[PDB]
């Protein structure tokens, strides 16, 4: 069962465990790079790094996918855009009015899958 729990007091300023995303891409996403840590192969070309500012989160994302992740694009609450990166195969799915919390997945020579954890508004 997916949940969250807060521990501790009311002070300080909020932070997120997710800080940056880049991809390698060609016809597919060869790799996703999350907070600098590479997952996937060495093919394609490396994208610039998107670093989240304070309080900035993915609010909308379009992923093309089939057996792999073909393409990713996203927009943040601050109206900044990443991508599209990758190719034109697969089929498209969109998340809208969300707050992405975490990205897990699976990868070999390419990025096979993404598990997006998010809050749906």
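Here, rigid core means the biggest group of C-alpha atoms that superpose within 1.5 Å across both forms. Numbering follows the first chain given and starts at 1.
**Q** Taking C-alpha RMS after core alignment, which stretch differs more from the shown form in 5 other deposited structures of this protein: 6-14, or 104-112?
**A** Stretch with the larger root mean square C-alpha distance in 5 other deposited structures of this protein: 6-14.
**Q** Mind pulling up the entry and telling me whether 20-28 or 7-15 has the higher mean Cα temperature factor?
**A** In the deposited entry, the stretch with the higher C-alpha B-factor mean is 7-15.
**Q** Determine, from the deposited record, the chain-internal third of the Cα B-factor for residue 54: lowest, middle or highest.
**A** Its C-alpha B-factor belongs to the highest third of this chain's values.
**Q** Relative to the other modelled residues in the chain, which third contains the C-alpha temperature factor of residue 78: lowest, middle or highest?
**A** Answer is highest: the recorded C-alpha B-factor places it there.
**Q** Within this chain's modelled residues, let me know which third the CA B factor of residue 117 belongs to: lowest, middle or highest.
**A** Residue 117: CA B-factor falls in the lowest third of its chain.
**Q** Consider only the C-alpha atoms of the modelled residues in this chain, order them by B-factor as the entry records it, and name the third containing residue 65: lowest, middle or highest.
**A** According to the entry, residue 65 has a C-alpha B-factor in the chain's middle third.
**Q** Looking at the temperature factor on the CA atom of residue 94, which third of the chain's modelled residues does it land in?
**A** As the PDB entry reports it, the C-alpha B-factor of residue 94 lands in the highest third of its chain.
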